[PDB]
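To be precise, the following lines are upload_21.pdb, and they hold PDB, N, CA and C atoms.
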```pdb
ATOM      1  N   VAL A   1     -37.013 -43.798  16.490  1.00  0.00           N
ATOM      2  CA  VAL A   1     -36.680 -43.141  15.231  1.00  0.00           C
ATOM      3  C   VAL A   1     -36.036 -41.781  15.474  1.00  0.00           C
ATOM      4  N   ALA A   2     -35.996 -41.368  16.737  1.00  0.00           N
ATOM      5  CA  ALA A   2     -35.404 -40.087  17.104  1.00  0.00           C
ATOM      6  C   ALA A   2     -34.229 -40.279  18.056  1.00  0.00           C
ATOM      7  N   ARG A   3     -33.124 -40.796  17.529  1.00  0.00           N
ATOM      8  CA  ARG A   3     -31.931 -41.030  18.334  1.00  0.00           C
ATOM      9  C   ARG A   3     -31.394 -39.722  18.903  1.00  0.00           C
ATOM     10  N   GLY A   4     -31.673 -38.622  18.211  1.00  0.00           N
ATOM     11  CA  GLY A   4     -31.210 -37.323  18.663  1.00  0.00           C
ATOM     12  C   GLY A   4     -32.328 -36.476  19.239  1.00  0.00           C
ATOM     13  N   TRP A   5     -32.946 -36.965  20.308  1.00  0.00           N
ATOM     14  CA  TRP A   5     -34.039 -36.247  20.953  1.00  0.00           C
ATOM     15  C   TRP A   5     -33.647 -34.800  21.236  1.00  0.00           C
ATOM     16  N   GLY A   6     -32.413 -34.603  21.685  1.00  0.00           N
ATOM     17  CA  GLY A   6     -31.936 -33.265  21.986  1.00  0.00           C
ATOM     18  C   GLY A   6     -32.178 -32.294  20.847  1.00  0.00           C
ATOM     19  N   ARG A   7     -32.317 -32.826  19.637  1.00  0.00           N
ATOM     20  CA  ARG A   7     -32.550 -31.998  18.460  1.00  0.00           C
ATOM     21  C   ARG A   7     -33.923 -32.284  17.857  1.00  0.00           C
ATOM     22  N   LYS A   8     -34.138 -33.534  17.458  1.00  0.00           N
ATOM     23  CA  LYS A   8     -35.406 -33.940  16.865  1.00  0.00           C
ATOM     24  C   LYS A   8     -36.579 -33.508  17.740  1.00  0.00           C
ATOM     25  N   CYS A   9     -36.823 -34.261  18.808  1.00  0.00           N
ATOM     26  CA  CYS A   9     -37.915 -33.956  19.726  1.00  0.00           C
ATOM     27  C   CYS A   9     -37.621 -32.685  20.517  1.00  0.00           C
ATOM     28  N   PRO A  10     -38.500 -31.683  20.374  1.00  0.00           N
ATOM     29  CA  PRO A  10     -38.356 -30.399  21.066  1.00  0.00           C
ATOM     30  C   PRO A  10     -38.589 -30.520  22.568  1.00  0.00           C
ATOM     31  N   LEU A  11     -39.714 -31.121  22.941  1.00  0.00           N
ATOM     32  CA  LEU A  11     -40.055 -31.301  24.347  1.00  0.00           C
ATOM     33  C   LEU A  11     -38.917 -31.982  25.101  1.00  0.00           C
ATOM     34  N   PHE A  12     -38.130 -32.776  24.383  1.00  0.00           N
ATOM     35  CA  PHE A  12     -37.005 -33.484  24.983  1.00  0.00           C
ATOM     36  C   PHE A  12     -35.713 -32.689  24.820  1.00  0.00           C
ATOM     37  N   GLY A  13     -35.565 -32.040  23.669  1.00  0.00           N
ATOM     38  CA  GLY A  13     -34.374 -31.253  23.409  1.00  0.00           C
ATOM     39  C   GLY A  13     -34.668 -29.769  23.312  1.00  0.00           C
ATOM     40  N   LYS A  14     -35.023 -29.164  24.441  1.00  0.00           N
ATOM     41  CA  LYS A  14     -35.333 -27.740  24.481  1.00  0.00           C
ATOM     42  C   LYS A  14     -34.216 -26.922  23.840  1.00  0.00           C
ATOM     43  N   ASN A  15     -32.996 -27.448  23.897  1.00  0.00           N
ATOM     44  CA  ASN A  15     -31.843 -26.766  23.320  1.00  0.00           C
ATOM     45  C   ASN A  15     -32.115 -26.365  21.875  1.00  0.00           C
ATOM     46  N   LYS A  16     -32.554 -27.329  21.071  1.00  0.00           N
ATOM     47  CA  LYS A  16     -32.854 -27.078  19.667  1.00  0.00           C
ATOM     48  C   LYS A  16     -34.228 -26.435  19.510  1.00  0.00           C
ATOM     49  N   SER A  17     -35.126 -26.733  20.445  1.00  0.00           N
ATOM     50  CA  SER A  17     -36.477 -26.186  20.408  1.00  0.00           C
ATOM     51  C   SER A  17     -36.445 -24.663  20.328  1.00  0.00           C
ATOM     52  N   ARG A  18     -35.625 -24.048  21.174  1.00  0.00           N
ATOM     53  CA  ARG A  18     -35.501 -22.596  21.200  1.00  0.00           C
ATOM     54  C   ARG A  18     -36.875 -21.934  21.225  1.00  0.00           C
TER
END
```
Show me, as structure tokens, the structure contained in the file I just sent.
Amino acid sequence: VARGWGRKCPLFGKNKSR
């Protein structure tokens, strides 16, 4: 359900996690 891990999931997408 999270095709955009880089954004959705933080642990996976630290970029968006900030």
key: DSSP helix (DSSP H, G or I) residues within chain A, as JSON, numbers by chain   = {"A": [14, 15, 16, 17]}
Centre and edge lengths, as lines of an AutoDock Vina configuration file, for the axis-aligned box enclosing every listed atom of region 1-9 of chain A with 4 Å of padding on each of the six sides, in Å to one decimal?
```
center_x = -34.6
center_y = -37.9
center_z = 18.6
size_x = 14.7
size_y = 19.8
size_z = 14.8
```
task = Could you tell me how far atom N of residue 13 (chain A) lies from atom N of residue 1 (chain A), in Å and to one decimal?
result =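 These atoms are spaced 13.9 Å apart.
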task = For CA of residue 3 (chain A) and atom C of residue 17 (chain A), quote the distance in Å rounded to one decimal.
result =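 That distance, rounded to one decimal, is 17.1 Å.
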Neighbour list for residue 14 (chain A) as a PyMOL selection string, cut-off 7 Å, only N, CA and C atoms, skip fewer than 6 positions in-chain = chain A and resi 5-7
